[PDB]
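> Before I ask anything, here is the structure I am working with.
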Amino acid sequence: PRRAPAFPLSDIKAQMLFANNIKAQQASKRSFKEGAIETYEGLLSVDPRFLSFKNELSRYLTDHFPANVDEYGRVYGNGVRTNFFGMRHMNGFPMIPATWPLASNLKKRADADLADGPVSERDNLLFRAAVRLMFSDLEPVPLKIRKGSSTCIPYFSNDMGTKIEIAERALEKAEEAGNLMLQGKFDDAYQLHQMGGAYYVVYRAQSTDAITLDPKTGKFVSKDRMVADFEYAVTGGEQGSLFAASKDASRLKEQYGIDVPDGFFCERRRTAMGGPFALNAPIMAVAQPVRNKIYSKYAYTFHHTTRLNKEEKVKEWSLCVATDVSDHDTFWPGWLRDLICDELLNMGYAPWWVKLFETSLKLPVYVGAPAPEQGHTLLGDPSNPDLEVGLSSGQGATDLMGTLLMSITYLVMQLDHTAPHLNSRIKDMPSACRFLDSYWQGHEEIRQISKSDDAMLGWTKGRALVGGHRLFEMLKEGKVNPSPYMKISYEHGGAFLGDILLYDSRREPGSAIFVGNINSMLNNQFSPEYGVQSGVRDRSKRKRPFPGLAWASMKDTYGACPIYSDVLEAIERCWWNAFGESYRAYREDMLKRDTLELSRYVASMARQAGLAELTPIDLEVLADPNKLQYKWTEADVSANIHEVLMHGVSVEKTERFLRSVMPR
Ligand SMILES: Nc1nc2c(ncn2[C@@H]2O[C@H](COP(=O)(O)OP(=O)(O)OP(=O)(O)O)[C@@H](O)[C@H]2O)c(=O)[nH]1
Ligand SMILES: [Mg+2]
């Protein structure tokens, strides 16, 4: 039922994706690569002392701090939700093979009994009202670009000057390119303005993944991660196979001469896609103003900063339901892309812009290297973008796409199962807009706090409260999916955007508190996704610019965890056993070095200014800017710190661009 066309790298269609420069040519050909990450300066993830430390610490913490999660997935007591074995991976060595990305998710959705469009007219009005509220009265802002980020297809440039030129040119030529696509001239739009082509598939590490200790055998078992072979990916699952990837690390001894201690595994690998920058720039120019609107006008539902900021909202609720979505990005529906596009056209958005946006969500994918002697294949034809991959991670508005889908999905779930008395308030578009505007501001008896696939659903006192409890019970029973749109369940150990909701004996939101997840501290400190990149001179371009700074924000971030002190003491004791050194002193030295190095990057910071004016968010972000892509936003970071990590195209160029996109 329609296989996607596939082209080898040798084919002209794949060759056209890579410009005549060394960087682009190397990206096309990049073979499967693996190796130990430089966890910290002069320390490898596979260092025998480091692995010995991880073995002792993971075993000790699991033993002394067993999970405290009730029958309803509510965290209590110690604030622990699982064992601590997730740290037991040979960081930098992936599971083999990684998945081939699914070219079509239509069969995947149908087989999971998920809808191929809005079920009812009410749902249709709500998805459309979400578009009207999110995209209406936007204000132009500079187009911000992450320093050291790639332009991907076709140039693969990491230079800021080149990136600024590409972005400015893209805003100037977006109209001409969009109009060519409207005429079906995709190859022309790509050849002239580099708008089209494909997403470039990079495989990123998920450094920690589930591991259990079998009491019967005393042997560790890693969570099986299902992967699709080429045949399965091109046929959308009609043909080929879905099988467990190999996380067995035994191979490292034979291949590399690395000693593999018992119960250490290869890392889970996730597909990540880099968009063609010329196509992304005009999308980003609209996406940022949308985020600014939703994080201001609809801050209740969408703007999440601190554990206390989240706590203030949740404490007012009579019931809090922490939801879980199965494989959000791969299940994301193409019918929603089409509904959004149709609604933007109805609002009066430039048709050429809507076409660029639509095309960004149908684009072919270039598969690099999922395993040795595999990959280097383009899936889909760039001459006619028609893929149904779900949500591409490198699309200019992925966060908004997931947020739009999920916010409405959860509201529908609350309406269907708890609040039929509110259905009368949604009769047409104006009434749907008025209702959603009120709901998103937290003004209804049914409420929510969400970001993409993470959410907490709330009920205050009223008619919907009883229904709220039945819905929670249906989730606990786990026999019926409460949504027609996505696979929803309850989170086992309810958390929101990294903060665990810690309940007491009462098991009520009013007496529950948000605390930092101590397991995330361990993930970040001992299992970073990337190495220190000590060879990259410009620290602002590194994936981990100032790792030492995280020590200064630790107490602020994790201090509220019941076992915070216990974990720090266990780390100190285990690090002494493994290295014969103080971990605290080691981190204090790294903090000093990185504080000194930071002043070189901040114009306002005198040669030895100190961390005085910096917030805990600023420190966490400087140590890990990936937190700025999933946890926080630009407005949460001090202006002088945002400038370290980002650079922008003038608001004058974006202001002119935005005027041409937006309705009259
Ligand atoms: N701290 C941190 N979090 C990450 C990182 N990468 C991804 N995440 C989070 O990982 C989550 C992924 O949820 P999934 O694993 O796909 O859910 P699933 O497909 O149903 O599989 P399960 O893990 O069994 O639930 C997302 O919500 C991400 O934000 C990272 O590098 N660091
Ligand atoms: Mg959650």
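In the structure tokens, chains take letters A, B, ... by order of appearance, with residues numbered from 1 within each chain and ligands from 1 in the order shown.
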Around ligand 2, at most 9 Å away and counting only C-alpha atoms and all ligand atoms, which residues are there? Put them as a PDB file with N, CA, C and O atoms, in the first residue's frame, please.


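Everything below was put into part-v8.pdb:
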ATOM      1  N   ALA A 322      -1.139  12.939  35.937  1.00  0.00           N
ATOM      2  CA  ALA A 322       0.112  13.019  35.168  1.00  0.00           C
ATOM      3  C   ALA A 322       0.055  11.994  34.028  1.00  0.00           C
ATOM      4  O   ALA A 322       0.071  10.782  34.263  1.00  0.00           O
ATOM      5  N   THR A 323      -0.071  12.485  32.799  1.00  0.00           N
ATOM      6  CA  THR A 323      -0.203  11.637  31.616  1.00  0.00           C
ATOM      7  C   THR A 323       1.131  11.288  30.961  1.00  0.00           C
ATOM      8  O   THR A 323       2.136  11.980  31.155  1.00  0.00           O
ATOM      9  N   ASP A 324       1.103  10.215  30.154  1.00  0.00           N
ATOM     10  CA  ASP A 324       2.208   9.676  29.372  1.00  0.00           C
ATOM     11  C   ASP A 324       1.698   9.399  27.954  1.00  0.00           C
ATOM     12  O   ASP A 324       0.610   8.845  27.791  1.00  0.00           O
ATOM     13  N   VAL A 325       2.474   9.790  26.934  1.00  0.00           N
ATOM     14  CA  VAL A 325       2.140   9.572  25.522  1.00  0.00           C
ATOM     15  C   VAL A 325       3.169   8.628  24.937  1.00  0.00           C
ATOM     16  O   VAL A 325       4.385   8.875  25.049  1.00  0.00           O
ATOM     17  N   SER A 450       1.010  21.984  30.191  1.00  0.00           N
ATOM     18  CA  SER A 450       1.607  21.064  29.226  1.00  0.00           C
ATOM     19  C   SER A 450       2.750  21.677  28.430  1.00  0.00           C
ATOM     20  O   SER A 450       2.884  22.896  28.325  1.00  0.00           O
ATOM     21  N   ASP A 453       4.543  16.392  24.704  1.00  0.00           N
ATOM     22  CA  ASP A 453       4.047  15.135  25.276  1.00  0.00           C
ATOM     23  C   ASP A 453       4.068  15.022  26.808  1.00  0.00           C
ATOM     24  O   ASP A 453       3.720  13.957  27.341  1.00  0.00           O
ATOM     25  N   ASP A 454       4.462  16.100  27.515  1.00  0.00           N
ATOM     26  CA  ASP A 454       4.466  16.091  28.979  1.00  0.00           C
ATOM     27  C   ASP A 454       3.349  16.976  29.456  1.00  0.00           C
ATOM     28  O   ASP A 454       3.203  18.100  28.964  1.00  0.00           O
ATOM     29  N   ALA A 455       2.539  16.469  30.387  1.00  0.00           N
ATOM     30  CA  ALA A 455       1.431  17.235  30.921  1.00  0.00           C
ATOM     31  C   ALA A 455       0.951  16.737  32.246  1.00  0.00           C
ATOM     32  O   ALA A 455       1.224  15.602  32.656  1.00  0.00           O
ATOM     33  N   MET A 456       0.203  17.614  32.904  1.00  0.00           N
ATOM     34  CA  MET A 456      -0.527  17.329  34.115  1.00  0.00           C
ATOM     35  C   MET A 456      -1.900  17.944  33.932  1.00  0.00           C
ATOM     36  O   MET A 456      -2.009  19.112  33.547  1.00  0.00           O
ATOM     37  N   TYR A 490      -1.132   6.703  32.203  1.00  0.00           N
ATOM     38  CA  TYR A 490      -0.707   7.553  33.307  1.00  0.00           C
ATOM     39  C   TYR A 490       0.790   7.323  33.459  1.00  0.00           C
ATOM     40  O   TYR A 490       1.270   6.221  33.165  1.00  0.00           O
ATOM     41  N   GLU A 491       1.539   8.364  33.871  1.00  0.00           N
ATOM     42  CA  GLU A 491       2.984   8.260  34.092  1.00  0.00           C
ATOM     43  C   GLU A 491       3.240   7.476  35.382  1.00  0.00           C
ATOM     44  O   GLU A 491       2.625   7.768  36.415  1.00  0.00           O
ATOM     45  N   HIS A 492       4.118   6.464  35.324  1.00  0.00           N
ATOM     46  CA  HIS A 492       4.432   5.726  36.541  1.00  0.00           C
ATOM     47  C   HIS A 492       5.501   6.496  37.309  1.00  0.00           C
ATOM     48  O   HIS A 492       6.692   6.405  37.030  1.00  0.00           O
ATOM     49  N   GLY A 493       5.018   7.311  38.232  1.00  0.00           N
ATOM     50  CA  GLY A 493       5.829   8.244  38.990  1.00  0.00           C
ATOM     51  C   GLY A 493       5.688   9.604  38.341  1.00  0.00           C
ATOM     52  O   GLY A 493       6.587  10.047  37.629  1.00  0.00           O
ATOM     53  N   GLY A 494       4.528  10.224  38.535  1.00  0.00           N
ATOM     54  CA  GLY A 494       4.159  11.508  37.947  1.00  0.00           C
ATOM     55  C   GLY A 494       5.162  12.629  38.105  1.00  0.00           C
ATOM     56  O   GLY A 494       5.526  12.973  39.230  1.00  0.00           O
ATOM     57  N   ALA A 495       5.611  13.201  36.973  1.00  0.00           N
ATOM     58  CA  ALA A 495       6.549  14.318  36.929  1.00  0.00           C
ATOM     59  C   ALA A 495       6.180  15.270  35.803  1.00  0.00           C
ATOM     60  O   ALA A 495       5.527  14.874  34.838  1.00  0.00           O
ATOM     61  N   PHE A 496       6.574  16.527  35.928  1.00  0.00           N
ATOM     62  CA  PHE A 496       6.314  17.499  34.880  1.00  0.00           C
ATOM     63  C   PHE A 496       7.547  18.321  34.617  1.00  0.00           C
ATOM     64  O   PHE A 496       8.025  19.037  35.507  1.00  0.00           O
ATOM     65  N   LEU A 497       8.067  18.208  33.383  1.00  0.00           N
ATOM     66  CA  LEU A 497       9.244  18.932  32.912  1.00  0.00           C
ATOM     67  C   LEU A 497      10.426  18.808  33.885  1.00  0.00           C
ATOM     68  O   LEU A 497      10.997  19.812  34.325  1.00  0.00           O
ATOM     69  N   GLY A 498      10.739  17.560  34.234  1.00  0.00           N
ATOM     70  CA  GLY A 498      11.853  17.205  35.106  1.00  0.00           C
ATOM     71  C   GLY A 498      11.618  17.239  36.602  1.00  0.00           C
ATOM     72  O   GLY A 498      12.439  16.701  37.356  1.00  0.00           O
ATOM     73  N   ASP A 499      10.514  17.883  37.050  1.00  0.00           N
ATOM     74  CA  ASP A 499      10.191  17.983  38.470  1.00  0.00           C
ATOM     75  C   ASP A 499       9.166  16.952  38.880  1.00  0.00           C
ATOM     76  O   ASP A 499       8.097  16.864  38.281  1.00  0.00           O
ATOM     77  N   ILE A 500       9.526  16.135  39.870  1.00  0.00           N
ATOM     78  CA  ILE A 500       8.659  15.090  40.401  1.00  0.00           C
ATOM     79  C   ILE A 500       7.605  15.713  41.328  1.00  0.00           C
ATOM     80  O   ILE A 500       7.958  16.539  42.174  1.00  0.00           O
TER      81      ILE A 500
END

> With only C-alpha atoms as the counted atoms, please give the residues lying no more than 12 Å from residue 654 in chain A, apart from itself and same-chain residues fewer than 2 positions off, as a CSV table (one decimal) with N, CA, C and O atoms, in the first residue's frame.


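File result-v3.csv, as written:
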chain,number,residue,atom,x,y,z
A,139,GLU,N,3.8,39.6,17.3
A,139,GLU,CA,4.8,40.7,17.2
A,139,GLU,C,6.1,40.2,16.7
A,139,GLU,O,6.6,39.2,17.2
A,140,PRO,N,6.7,40.9,15.7
A,140,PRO,CA,8.0,40.5,15.1
A,140,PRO,C,9.2,40.6,16.1
A,140,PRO,O,9.2,41.6,16.9
A,141,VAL,N,10.1,39.6,16.1
A,141,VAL,CA,11.2,39.5,17.0
A,141,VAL,C,12.5,39.1,16.1
A,141,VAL,O,12.3,38.6,15.0
A,142,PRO,N,13.7,39.4,16.6
A,142,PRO,CA,14.9,38.9,15.8
A,142,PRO,C,14.9,37.4,15.7
A,142,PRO,O,14.4,36.7,16.6
A,143,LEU,N,15.3,36.9,14.5
A,143,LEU,CA,15.4,35.4,14.3
A,143,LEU,C,16.7,35.0,15.0
A,143,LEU,O,17.8,35.4,14.5
A,144,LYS,N,16.6,34.3,16.1
A,144,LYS,CA,17.8,33.8,16.9
A,144,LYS,C,18.3,32.4,16.4
A,144,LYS,O,17.5,31.5,16.1
A,167,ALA,N,20.1,32.9,6.3
A,167,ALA,CA,18.8,33.3,6.9
A,167,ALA,C,18.2,34.5,6.3
A,167,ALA,O,17.0,34.6,6.1
A,168,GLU,N,19.0,35.6,6.1
A,168,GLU,CA,18.6,36.9,5.6
A,168,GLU,C,18.1,36.7,4.2
A,168,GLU,O,17.0,37.1,3.8
A,169,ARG,N,18.9,35.9,3.3
A,169,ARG,CA,18.5,35.6,2.0
A,169,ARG,C,17.2,34.8,1.9
A,169,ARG,O,16.4,35.0,1.0
A,170,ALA,N,17.1,33.8,2.8
A,170,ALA,CA,15.9,33.0,2.9
A,170,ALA,C,14.6,33.8,3.2
A,170,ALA,O,13.6,33.6,2.5
A,171,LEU,N,14.7,34.8,4.1
A,171,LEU,CA,13.6,35.7,4.4
A,171,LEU,C,13.3,36.6,3.2
A,171,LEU,O,12.1,36.9,3.0
A,172,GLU,N,14.3,36.9,2.4
A,172,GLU,CA,14.1,37.7,1.2
A,172,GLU,C,13.5,37.0,0.1
A,172,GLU,O,12.6,37.5,-0.7
A,174,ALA,N,11.8,33.7,0.4
A,174,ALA,CA,10.8,32.8,0.8
A,174,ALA,C,9.5,32.8,0.0
A,174,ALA,O,8.9,31.8,-0.4
A,281,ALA,N,14.5,28.8,8.3
A,281,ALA,CA,14.5,30.2,8.6
A,281,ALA,C,13.2,30.9,8.5
A,281,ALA,O,12.7,31.4,9.5
A,282,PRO,N,12.4,30.9,7.3
A,282,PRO,CA,11.1,31.5,7.3
A,282,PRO,C,10.1,31.0,8.2
A,282,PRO,O,9.1,31.7,8.6
A,283,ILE,N,10.2,29.7,8.6
A,283,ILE,CA,9.3,29.0,9.6
A,283,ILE,C,9.6,29.5,11.0
A,283,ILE,O,8.7,29.8,11.8
A,284,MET,N,10.9,29.6,11.4
A,284,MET,CA,11.4,30.0,12.7
A,284,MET,C,10.9,31.5,13.0
A,284,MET,O,10.5,31.8,14.1
A,285,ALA,N,11.0,32.3,11.9
A,285,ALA,CA,10.6,33.8,11.9
A,285,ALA,C,9.1,34.0,12.4
A,285,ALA,O,8.8,35.0,12.9
A,286,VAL,N,8.3,32.9,12.2
A,286,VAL,CA,6.9,32.9,12.6
A,286,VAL,C,6.7,32.2,13.9
A,286,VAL,O,6.0,32.6,14.9
A,288,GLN,N,8.9,31.7,16.5
A,288,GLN,CA,9.3,32.5,17.7
A,288,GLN,C,8.2,33.5,18.2
A,288,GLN,O,7.8,33.3,19.3
A,289,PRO,N,7.6,34.4,17.3
A,289,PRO,CA,6.5,35.2,17.7
A,289,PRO,C,5.3,34.4,18.4
A,289,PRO,O,4.7,34.9,19.3
A,648,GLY,N,21.5,36.7,16.5
A,648,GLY,CA,20.3,37.0,15.7
A,648,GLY,C,20.4,37.8,14.4
A,648,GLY,O,21.4,38.6,14.3
A,649,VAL,N,19.4,37.6,13.6
A,649,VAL,CA,19.2,38.4,12.3
A,649,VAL,C,18.4,39.6,12.8
A,649,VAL,O,17.6,39.4,13.7
A,650,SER,N,18.7,40.8,12.3
A,650,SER,CA,18.1,42.1,12.8
A,650,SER,C,16.5,42.0,12.7
A,650,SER,O,16.0,41.4,11.8
A,651,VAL,N,15.9,42.6,13.7
A,651,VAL,CA,14.4,42.7,13.8
A,651,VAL,C,13.8,43.5,12.6
A,651,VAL,O,12.7,43.3,12.2
A,652,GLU,N,14.7,44.3,11.9
A,652,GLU,CA,14.3,45.1,10.8
A,652,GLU,C,14.0,44.2,9.6
A,652,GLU,O,13.0,44.4,8.9
A,656,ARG,N,9.9,43.2,8.3
A,656,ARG,CA,9.5,43.3,6.9
A,656,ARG,C,9.0,41.9,6.4
A,656,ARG,O,8.0,41.9,5.7
A,657,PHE,N,9.7,40.8,6.8
A,657,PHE,CA,9.3,39.5,6.4
A,657,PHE,C,7.9,39.1,7.0
A,657,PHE,O,7.1,38.7,6.3
A,658,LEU,N,7.8,39.4,8.3
A,658,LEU,CA,6.5,39.1,9.0
A,658,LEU,C,5.3,39.8,8.5
A,658,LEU,O,4.2,39.2,8.4
A,659,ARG,N,5.5,41.1,8.1
A,659,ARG,CA,4.4,41.9,7.5
A,659,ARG,C,3.9,41.2,6.2
A,659,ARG,O,2.7,41.3,6.0
A,660,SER,N,4.8,40.6,5.4
A,660,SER,CA,4.4,39.9,4.2
A,660,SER,C,3.7,38.6,4.4
A,660,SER,O,3.1,38.1,3.4
A,661,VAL,N,3.9,38.0,5.5
A,661,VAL,CA,3.3,36.6,5.8
A,661,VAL,C,1.9,36.7,6.4
A,661,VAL,O,0.9,36.1,6.0

> Step by step, measure atom-to-atom distances between ligand 1 and each residue using only C-alpha atoms and all ligand atoms, keep those at most 7 Å, then write them as an mmCIF file with N, CA and C atoms, in the first residue's frame.


data_model
loop_
_atom_site.group_PDB
_atom_site.id
_atom_site.type_symbol
_atom_site.label_atom_id
_atom_site.label_comp_id
_atom_site.auth_asym_id
_atom_site.auth_seq_id
_atom_site.Cartn_x
_atom_site.Cartn_y
_atom_site.Cartn_z
ATOM 1 N N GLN A 206 20.659 8.464 23.939
ATOM 2 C CA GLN A 206 19.787 8.601 25.097
ATOM 3 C C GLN A 206 20.654 7.806 26.082
ATOM 4 N N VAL A 325 2.474 9.790 26.934
ATOM 5 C CA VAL A 325 2.140 9.572 25.522
ATOM 6 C C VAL A 325 3.169 8.628 24.937
ATOM 7 N N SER A 326 2.690 7.572 24.270
ATOM 8 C CA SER A 326 3.583 6.621 23.631
ATOM 9 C C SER A 326 4.093 7.182 22.308
ATOM 10 N N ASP A 327 5.438 7.222 22.154
ATOM 11 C CA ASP A 327 6.151 7.599 20.935
ATOM 12 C C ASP A 327 5.512 8.777 20.187
ATOM 13 N N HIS A 328 5.408 9.935 20.845
ATOM 14 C CA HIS A 328 4.751 11.120 20.299
ATOM 15 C C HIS A 328 5.135 11.507 18.857
ATOM 16 N N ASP A 453 4.543 16.392 24.704
ATOM 17 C CA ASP A 453 4.047 15.135 25.276
ATOM 18 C C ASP A 453 4.068 15.022 26.808
ATOM 19 N N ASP A 454 4.462 16.100 27.515
ATOM 20 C CA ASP A 454 4.466 16.091 28.979
ATOM 21 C C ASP A 454 3.349 16.976 29.456
ATOM 22 N N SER A 520 17.847 12.536 37.545
ATOM 23 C CA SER A 520 18.273 13.427 36.450
ATOM 24 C C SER A 520 19.619 14.086 36.770
ATOM 25 N N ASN A 524 22.765 13.666 34.315
ATOM 26 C CA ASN A 524 23.502 14.819 33.819
ATOM 27 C C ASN A 524 24.963 14.840 34.246
ATOM 28 N N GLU A 529 25.161 13.263 27.419
ATOM 29 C CA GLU A 529 24.906 12.805 26.058
ATOM 30 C C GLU A 529 26.143 12.999 25.177
ATOM 31 N N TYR A 630 14.130 21.851 25.203
ATOM 32 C CA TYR A 630 13.084 20.962 25.703
ATOM 33 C C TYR A 630 12.503 21.379 27.041
#

> Excluding same-chain residues fewer than 4 positions from residue 563 in chain A, what lies within 9 Å of it counting only C-alpha atoms, as a VMD selection string?

chain A and resid 65 78 to 80 518 559 567 to 568

> Pull the closest atom pair for each residue of range 41-118 of chain A that gets at most 6 Å from range 241-248 of chain A, along with the distance in Å to one decimal, counting only C-alpha atoms, ordering rows by chain and then ascending residue number, as JSON lines.


{"residue": "A:95", "atom": "CA", "partner": "A:247", "partner_atom": "CA", "distance": 4.5}
{"residue": "A:96", "atom": "CA", "partner": "A:246", "partner_atom": "CA", "distance": 5.1}
{"residue": "A:97", "atom": "CA", "partner": "A:245", "partner_atom": "CA", "distance": 5.7}

> Could you give me, as a ChimeraX atom specification, each residue of range 294-494 of chain A that DSSP assigns to strand (DSSP E or B) when run on this structure's backbone?

/A:319-325,365-367,377-379,388,446-451,454-459,488-490

> Taking only C-alpha atoms into account, name the residue in A:395, A:424, A:28, A:301 that is nearest to residue 448 in chain A.

A:301

> Would you kindly return, as an MDAnalysis selection string, each protein, DNA or RNA residue with an atom no farther than 10 Å from any atom of residue 123 in chain A, considering only C-alpha atoms and excluding same-chain residues fewer than 3 positions away?

chainID A and resid 117:120 126:129 408:409 411:412 426 432

> Would you put the residues from that selection into a file with C-alpha atoms, as a PDB file, in the first residue's frame?


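Output contents, as saved in again.pdb:
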ATOM      1  CA  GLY A 117      -8.947  13.064  11.308  1.00  0.00           C
ATOM      2  CA  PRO A 118     -10.991  14.921  13.971  1.00  0.00           C
ATOM      3  CA  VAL A 119     -13.657  12.501  15.285  1.00  0.00           C
ATOM      4  CA  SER A 120     -16.402  15.113  15.806  1.00  0.00           C
ATOM      5  CA  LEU A 126     -11.040  22.995  18.870  1.00  0.00           C
ATOM      6  CA  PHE A 127      -7.992  22.103  16.720  1.00  0.00           C
ATOM      7  CA  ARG A 128      -8.875  25.053  14.433  1.00  0.00           C
ATOM      8  CA  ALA A 129      -9.433  27.394  17.475  1.00  0.00           C
ATOM      9  CA  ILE A 408      -6.290  19.793  22.366  1.00  0.00           C
ATOM     10  CA  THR A 409      -5.961  15.984  22.840  1.00  0.00           C
ATOM     11  CA  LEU A 411      -8.831  18.972  26.599  1.00  0.00           C
ATOM     12  CA  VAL A 412     -10.893  16.524  24.451  1.00  0.00           C
ATOM     13  CA  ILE A 426     -18.405  24.925  21.771  1.00  0.00           C
ATOM     14  CA  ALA A 432     -14.735  27.502  20.368  1.00  0.00           C
TER      15      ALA A 432
END

> Go through A:501, A:345, A:205, A:160 one by one, measure the shortest atom-to-atom distance of each to residue 315 in chain A using only C-alpha atoms, and give the residue with the smallest value.

A:501

> If you run DSSP on the backbone here, which positions in range 497-615 of chain A get alpha helix (DSSP H)? Please write them as an MDAnalysis selection string.

chainID A and resid 518:526 550:558 564:579 583:598

> Kindly save the residues from that selection, with C-alpha atoms included, as a PDB file, in the first residue's frame.


ATOM      1  CA  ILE A 518      17.778  13.245  41.782  1.00  0.00           C
ATOM      2  CA  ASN A 519      18.022  10.580  39.052  1.00  0.00           C
ATOM      3  CA  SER A 520      18.273  13.427  36.450  1.00  0.00           C
ATOM      4  CA  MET A 521      21.172  14.962  38.456  1.00  0.00           C
ATOM      5  CA  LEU A 522      22.961  11.588  38.203  1.00  0.00           C
ATOM      6  CA  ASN A 523      22.108  11.311  34.469  1.00  0.00           C
ATOM      7  CA  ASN A 524      23.502  14.819  33.819  1.00  0.00           C
ATOM      8  CA  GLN A 525      26.641  14.486  35.987  1.00  0.00           C
ATOM      9  CA  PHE A 526      27.704  10.897  35.158  1.00  0.00           C
ATOM     10  CA  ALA A 550      26.218  22.969  37.016  1.00  0.00           C
ATOM     11  CA  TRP A 551      27.788  22.513  40.505  1.00  0.00           C
ATOM     12  CA  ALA A 552      26.758  26.087  41.472  1.00  0.00           C
ATOM     13  CA  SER A 553      23.059  25.499  40.518  1.00  0.00           C
ATOM     14  CA  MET A 554      22.821  21.926  41.931  1.00  0.00           C
ATOM     15  CA  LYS A 555      21.421  22.851  45.411  1.00  0.00           C
ATOM     16  CA  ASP A 556      18.866  25.178  43.814  1.00  0.00           C
ATOM     17  CA  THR A 557      17.793  22.536  41.224  1.00  0.00           C
ATOM     18  CA  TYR A 558      17.945  19.338  43.346  1.00  0.00           C
ATOM     19  CA  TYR A 564      19.594  15.033  48.111  1.00  0.00           C
ATOM     20  CA  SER A 565      22.171  14.946  51.007  1.00  0.00           C
ATOM     21  CA  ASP A 566      22.210  11.108  51.031  1.00  0.00           C
ATOM     22  CA  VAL A 567      23.033  10.981  47.268  1.00  0.00           C
ATOM     23  CA  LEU A 568      25.813  13.565  47.545  1.00  0.00           C
ATOM     24  CA  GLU A 569      27.358  11.584  50.473  1.00  0.00           C
ATOM     25  CA  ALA A 570      27.028   8.282  48.524  1.00  0.00           C
ATOM     26  CA  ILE A 571      28.735   9.947  45.500  1.00  0.00           C
ATOM     27  CA  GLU A 572      31.618  11.227  47.755  1.00  0.00           C
ATOM     28  CA  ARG A 573      32.114   7.814  49.406  1.00  0.00           C
ATOM     29  CA  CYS A 574      32.004   5.898  46.066  1.00  0.00           C
ATOM     30  CA  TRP A 575      34.274   8.422  44.256  1.00  0.00           C
ATOM     31  CA  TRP A 576      36.816   8.109  47.138  1.00  0.00           C
ATOM     32  CA  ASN A 577      36.699   4.279  46.736  1.00  0.00           C
ATOM     33  CA  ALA A 578      37.185   4.446  42.940  1.00  0.00           C
ATOM     34  CA  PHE A 579      39.587   7.416  42.472  1.00  0.00           C
ATOM     35  CA  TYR A 583      34.394  14.455  44.166  1.00  0.00           C
ATOM     36  CA  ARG A 584      33.237  17.726  45.832  1.00  0.00           C
ATOM     37  CA  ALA A 585      36.801  19.212  45.580  1.00  0.00           C
ATOM     38  CA  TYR A 586      37.065  17.973  41.952  1.00  0.00           C
ATOM     39  CA  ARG A 587      33.758  19.771  41.091  1.00  0.00           C
ATOM     40  CA  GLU A 588      34.786  22.910  43.025  1.00  0.00           C
ATOM     41  CA  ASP A 589      37.973  23.107  40.895  1.00  0.00           C
ATOM     42  CA  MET A 590      35.960  22.599  37.653  1.00  0.00           C
ATOM     43  CA  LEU A 591      33.480  25.286  38.843  1.00  0.00           C
ATOM     44  CA  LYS A 592      36.380  27.747  39.464  1.00  0.00           C
ATOM     45  CA  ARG A 593      37.951  27.065  36.022  1.00  0.00           C
ATOM     46  CA  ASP A 594      34.620  27.396  34.150  1.00  0.00           C
ATOM     47  CA  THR A 595      33.637  30.605  36.071  1.00  0.00           C
ATOM     48  CA  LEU A 596      36.962  32.171  34.929  1.00  0.00           C
ATOM     49  CA  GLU A 597      36.491  30.920  31.357  1.00  0.00           C
ATOM     50  CA  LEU A 598      32.881  32.289  31.273  1.00  0.00           C
TER      51      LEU A 598
END
